[PDB]
Amino acid sequence: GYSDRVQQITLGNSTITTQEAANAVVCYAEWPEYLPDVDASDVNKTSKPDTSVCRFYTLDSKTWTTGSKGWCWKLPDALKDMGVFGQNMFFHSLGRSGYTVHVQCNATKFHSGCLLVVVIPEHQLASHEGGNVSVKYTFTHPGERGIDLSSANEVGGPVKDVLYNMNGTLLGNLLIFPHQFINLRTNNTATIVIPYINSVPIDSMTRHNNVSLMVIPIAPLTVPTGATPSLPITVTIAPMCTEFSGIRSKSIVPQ
Amino acid sequence: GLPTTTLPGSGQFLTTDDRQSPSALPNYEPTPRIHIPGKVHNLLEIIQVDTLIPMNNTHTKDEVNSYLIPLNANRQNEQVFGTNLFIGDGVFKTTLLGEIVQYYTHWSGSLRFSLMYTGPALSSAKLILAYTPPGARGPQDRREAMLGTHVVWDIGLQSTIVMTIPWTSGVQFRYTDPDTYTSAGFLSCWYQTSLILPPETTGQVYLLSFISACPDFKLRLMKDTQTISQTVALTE
Amino acid sequence: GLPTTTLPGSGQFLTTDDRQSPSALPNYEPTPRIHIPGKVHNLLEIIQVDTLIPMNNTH
Amino acid sequence: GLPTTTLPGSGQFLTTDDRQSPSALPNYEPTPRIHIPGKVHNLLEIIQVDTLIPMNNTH
Amino acid sequence: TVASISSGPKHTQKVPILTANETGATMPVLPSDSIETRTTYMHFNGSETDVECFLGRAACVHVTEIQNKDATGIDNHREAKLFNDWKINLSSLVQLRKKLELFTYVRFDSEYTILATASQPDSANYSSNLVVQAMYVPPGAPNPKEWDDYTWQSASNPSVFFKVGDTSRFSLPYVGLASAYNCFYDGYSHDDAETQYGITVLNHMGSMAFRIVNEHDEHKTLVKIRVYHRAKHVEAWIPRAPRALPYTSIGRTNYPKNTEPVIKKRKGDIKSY
Amino acid sequence: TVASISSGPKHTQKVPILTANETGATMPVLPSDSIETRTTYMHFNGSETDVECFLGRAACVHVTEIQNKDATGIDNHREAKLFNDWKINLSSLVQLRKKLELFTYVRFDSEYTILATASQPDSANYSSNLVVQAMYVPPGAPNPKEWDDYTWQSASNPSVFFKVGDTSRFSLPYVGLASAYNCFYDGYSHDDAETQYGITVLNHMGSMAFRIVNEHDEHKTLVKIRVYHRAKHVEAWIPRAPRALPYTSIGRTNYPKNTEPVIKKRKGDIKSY
Amino acid sequence: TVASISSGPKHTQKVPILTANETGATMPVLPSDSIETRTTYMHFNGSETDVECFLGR
Amino acid sequence: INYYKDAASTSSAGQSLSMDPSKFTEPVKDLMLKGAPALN
Amino acid sequence: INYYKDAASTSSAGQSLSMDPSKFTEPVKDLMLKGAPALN
Amino acid sequence: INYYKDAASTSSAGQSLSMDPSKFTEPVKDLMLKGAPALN
């Protein structure tokens, strides 16, 4: 009586149940694991807070309306302030982590709409100015708020044009990245497990984000007659196999 | 001193030849490799992942909406969409498949075309997808369409339908850039019965459509893509 | 570095010589051969089929 | 005469390449080596000896 | 290898063509799941789509130019193109760039070919024969200031001398600092509020300085340098969506404003053929 | 091997010299069936009549020309012969063409040799040294528009750079779409009422674009390109009647009107010697 | 080859970090004598610092 | 025959002949069998 | 010795030494023997 | 393969792979053990 459909994920002191899942994706078919010695470089023993950092943090909720263009969060940024995960983050020189991402959106059998939930490794954004204008730090570190693709261009911020993925590629091809759809008629959640993907064994958690999670409405939300025209979307994310190394004074970052 | 003779071609530089060269950095030790998920070995590995087709090309500036094929409730007998199968041009051209095919001169193989339905769960519909092999015109009505490769799709719990365009061909390779002799057919879709919405519901519903290549597929003779060009060198 | 000497004829192009060359299309896979009746191997095979002589050349 | 083809790079001088050359002094016999304390083999051997840092740079 | 097996009529409870794309998978459906097929063999291996093959041919990566002329009274050799440097890149001419950016991280050895040809746009009695010097200048080395500085001694820095009209060729190991070169980097060099975004040393491949060794003749001679780059021993990770809009800058993803629709509009209906 | 066996007088009921040609056969009659012969050996193998040998020597297949000159103010490089393309063919110069069309389908690898020589028809101080670039442009690739377009980057398209006066040589595998190249095709590309007859992609071998890499000197330089083609690994099917009338077009069988009698008229009678 | 071995807390009478530089020696002290380390390998030979290489271009 | 000492100086590598699209085409956590229902 | 990797790059092929004119000189359905009458 | 007769004409030497810093880092007459007191 197991269905692909019902699932339970327990991680730390927190549990999620979905009764309307559509399997789960594990990026590149690899599950998060700690850093092996053969791959290690820094000689420091690392710190593995385990259950105090590897639990589920639910970010603040978004509201899908007929005019929504899509939202974008960066990792580990989105979690920069969650509990002890965040403290560890500002206090060590280097850290490394994988995540379980669970995006939630329920409706009824009269609604229609379909969101794309995708994880993009190394999502370098484009400046809407063109040329070689850079995208300032603050703009690519929105924190739990994430970036709202239907917000206005700002100065020093990225471009927010959806048919171009914020980088000069077409929305249609985002499907080459680990992703899952939430089609109100099928699905009510999306779950993706992200292994740590980098060109170095461990890195800085503040100067470099290693994935952007993106939720994009593709088939517009259509509510039943005289229904309220909107649904909330909630994102809950859990660091998994986290390791921190090179402890010290506590980083100070712009803004 | 051993006697030699040099042949025609001596001193030429062929950008495609593969020979040994002296290393400028004798004895240098590269950084160790660490493990990174995701290694690609063949472009054939990636063109099997499906991506969305902007089938609804009828707009005037690129929009999220050209990915949406609309469906109308209560129409009978009528046609949902049509396209030829020049995978290197037209709707296909910006898709990952289209985009890679363009790095090669010839392609052969089967294509997989699927449609995912997004209408309310309490609605229902039966569509027919038809592949018309080279030699006939794009079908003009379902009767015409239904006499070639087709699948009656019944919209249900299972949200997507995967149609295969089996390789139908005299010549074993076709050109990726559209060519007549080498042309592959048409793909059309019609109401088999009709879309029906539940009460309290209204308007258009949309289908999303994807394209990817079957394991069947072959691409050969690499060349340059018409999809990118430039007028002055870029700088930092 | 192995010492060499080049002989007279170096650099010439003789349309009748038969040597190796780099392939411009590295790794390309040609279309499979299928069977076709009629293969010719030697011109000596075909000059044994008789053909008509315009003997009455007087026109 | 063996047929050859020369590749791009022929005739270049790369200061870092390592090949054989004719000796200008054929048959010459170098002076014998005697023992000298102190032979260095790697620069890695010497950067492990500590030396003083002008830390007080303020002059 | 069979490309298609033989398959006949089906009337089952087992439907391989109905799936749920919401899952993120592309189910491996074949012609034989939905029509009746006959056996056929592949006759093909997919040799020429190997990434080593795809990135393994020489591409032009840079065209520069230097001139041989009397430097007498020139206050700025660099500025007179008496000599010229180039910080190595693979993202300035777009053909090879789009190919590499199909991947996120890439690792390979480089083989460089340098072609140099001379031009004499104004009245010369003859064509002189110039020798070019290409010096590889790694970050931290003294940089040439005049066309005949002590720098050109290049006692520790690899340099090649070849003749204009000829070609020089050598190969450099993978010089990246990390395990792969980042084709993309969503980071900064430090948490500064104004530091540059995206451009990184993670990509840095050295830099190269060119000059003519010859002193000047009576006329002036323009020498134009073309650098070609061929990847050998390629390793690529994490495929990405191909580049759709035009490029504007080395190292940023930025596209131009008021660009044009990249998807071709139908001449007709959705229903059109 | 015996070329003739010994044979003596015959008075038989078994007549090998009477046959019925209406049958379509050429009965294998020998000297020894009708005169008295002596033994003789062949001393010969028929080596030089092998089709590999017959089609295996280089033949000139194309002569084109490009010039190096100041492109300043040229509105159409292609038109100034600043650069030039060629869609590969073996039926434009007739010598090799008649040889190939002795067969219906032919399959082979090609070895190309390209000789380039320069001419300076009007007053020059000297002869410059130019490097030619020959790019192989398969159907669907961007085609060069100016003599120095992004196209020439040729990041994915095989190109060779050699010097004028020298020769370039490389070999291309059999690039046909079918199992053989059609020397003839009695068809159309589709059932159109006005589509072209006979000319087909079944024959298509690619296409090639040439340019000089050098910028301009003070004089102008004419470079004339000659492409030679040698078939290697030849396979030929279905012999046909040799070409009798002159050729008029690449790819059609058409002969010129009011052509001349191709059979030599006797100077005398049928009875004449 | 290990570049660093794994080493944990220490509370000893054996102090490798106190020395007398007046002796002229450079005592071979390592990270693992004064912090807690994890194993890591060298992945490197020191090839390009050989004097033959240094003076050989 | 390599004429040179360093590995970077050798010619192009030889075909992976690796090929496994499943990391890209089927990265699902619970295995999907073709023919069995997608969602149970 | 081939110096190159691809087959197209090898020299000319070597003599068929196949030679069988009968597909061209005697494509008759019922075999004709020299010496026996052509038409029986 | 050496093509030449004299030893000077051969290419560069090959890595010492000798490496022993103690003549430079620990030339003390009485051996010092790390961890034992420097001056007893």
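You'll find chain H entered in the PDB entry as HUMAN RHINOVIRUS 14 COAT PROTEIN (SUBUNIT VP4), with Human rhinovirus 14 given as the organism.

As recorded by the PDB entry, chain B carries the name HUMAN RHINOVIRUS 14 COAT PROTEIN (SUBUNIT VP3) and is attributed to Human rhinovirus 14.

Novice: Explanation requested: the interface of chain B and chain A in the structure shown.
Specialist: A common way to report how large an interface is uses the accessible area buried once the components associate. Counting residues at the interface gives 39 residues for chain B and 37 residues for chain A. Sorting the residues of chain B by area buried against chain A places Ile34, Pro37 and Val64 of chain B first, and these three jointly supply 17% of that buried surface. Linking chain B with chain A are zero salt bridges. Applying the counting rule to chain B against chain A returns 13 residue pairs in polar contact. Counting residues per element, the side of chain B that touches chain A draws most heavily on strand β14 (residues 205-213) of chain B, which supplies three residues.

Novice: I would appreciate a short explanation of the packing of aromatic side chains in the present structure.
Specialist: Aromatic rings in a pair are described by how distant their centres are and how their planes are angled relative to each other. One pass over the full model with this rule turns up 26 aromatic pairs over all chains. Taking 5.9 Å as the distance between ring centres and 40 degrees as the angle between the ring planes, the aromatic pair formed by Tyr112 of chain E and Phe170 of chain E counts as tilted. Of the two residues, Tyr112 of chain E is situated in strand β6 (residues 103-119) and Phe170 of chain E in strand β9 (residues 167-172); the sequence distance between them amounts to 58 residues. By the burial criterion, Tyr112 of chain E is buried, and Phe170 of chain E matches it. Summarising the aromatic geometry, the rings of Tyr174 of chain E and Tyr181 of chain E are spaced 4.6 Å apart at their centres and angled 70 degrees between planes, so their arrangement reads as edge-to-face. Just above the ring of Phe173 of chain B sits the side chain of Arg220 of chain B; from NZ or CZ to the centre is 3.5 Å. Its end group placed over the ring of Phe184 of chain E, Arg240 of chain E keeps NZ or CZ at 4.1 Å from the ring centre.

Novice: Hey, could you run me through the interface of chain B and chain E in this one?
Specialist: Taken residue by residue, the interface counts 99 residues in chain B and 81 residues in chain E. Taken over both partners, the interface formed by chain B and chain E buries close to 7,900 Å², and the fraction arising from carbon and sulfur atoms is 59%. The interface formed by chain B and chain E includes six salt bridges. One salt bridge in this structure joins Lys264 of chain E and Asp89 of chain B, with 3.1 Å as the shortest N-O distance.

Novice: I'm lost on the state of the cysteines in this one. Help?
Specialist: What we call a disulfide is simply a covalent bond connecting the sulfur atoms of a pair of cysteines. Applying the stated criterion across every chain yields a total of zero disulfides over all chains. Looking at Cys60 of chain E, it has no disulfide partner, and the nearest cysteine sulfur is the one in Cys183 of chain E, 19 Å off.

Novice: For this particular structure, what's the right way to read the arrangement of the chains?
Specialist: Of all 28 pairs of chains that touch, the greatest number of contacts is found between chains B and E. Spatially, chain D is disjoint from chain F: no contact exists, and the shortest C-alpha separation is 10 Å. Spatially, chain C is disjoint from chain H: no contact exists, and the shortest C-alpha separation is 9 Å.

Parameters at a glance
Residues numbered from 1 in each chain as written, not as in the entry; some residues may be left out. Chains lettered and ligands numbered in written order. Part of a larger assembly, values for the part shown. Heavy atoms only, no water. Contact = heavy atoms within 4.5 Å. Buried area = accessible area lost by both parts, 1.4 Å probe. Salt bridge = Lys/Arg side-chain N within 4 Å of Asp/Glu carboxyl O. Polar contact = N/O pair within 3.5 Å; in protein donor to acceptor, adjacent residues only side chain to side chain. Helix = DSSP H or I, 4+ residues; strand = E, 2+ residues; numbered from the N terminus. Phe/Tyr/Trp six-rings, centres within 6.5 Å; stacked < 30°, edge-to-face > 60°. Buried < 20%, exposed > 50% of the residue type's maximum accessible area, 1.4 Å probe, protein only. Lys NZ or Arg CZ within 6 Å of the ring centre and 35° of its normal. Disulfide = S-S within 2.5 Å.

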